[PDB]
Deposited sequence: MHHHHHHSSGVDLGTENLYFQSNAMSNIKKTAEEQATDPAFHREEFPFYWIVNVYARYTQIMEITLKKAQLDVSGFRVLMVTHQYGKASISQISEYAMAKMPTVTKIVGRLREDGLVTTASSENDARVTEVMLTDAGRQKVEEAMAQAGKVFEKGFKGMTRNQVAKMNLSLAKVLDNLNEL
């Protein structure tokens, strides 16, 4: 097979990555959406559905059904919402994901990884 397809590796890294994070986070009782929604709220501290909905990679009616599973499970509480022993869920989650990122970027320099992410961010400006 040929890369006559400039997005071949975006897609393949994305699929192998999603696959690994599905089974890793099932250790920590989470799916990827659940894990993204917690992390957006974590950086914001207290977040709106509109704001989560920007970054979690989901239209607001998924986020609202996601945030409501996480309300009911004592990981988020509080319009605006905030983390609880979610703060412990995100330690658990990022410990697992840190193993995934460590394996992922092994043998790659800091500058390689930065130039890759700079180039990818130019692809996104262009698609937007």
Fill in the blank from the handout: Stretches of deposited sequence not represented by any CA atom are 1 to 41, 120 to 129, 180 to 181
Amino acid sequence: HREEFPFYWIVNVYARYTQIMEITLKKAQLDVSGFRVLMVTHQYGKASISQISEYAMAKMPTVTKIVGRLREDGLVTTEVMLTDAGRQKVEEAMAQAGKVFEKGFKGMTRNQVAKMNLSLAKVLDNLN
From here on, numbers count along this sequence of modelled residues.
Practice task
Could you check the entry and say whether 94 to 102 or 47 to 55 has the higher mean CA B-factor?
Solution key: 47 to 55
Problem - Mean C-alpha B-factor comparison - 5 to 13 and 18 to 26, higher one - result: 18 to 26
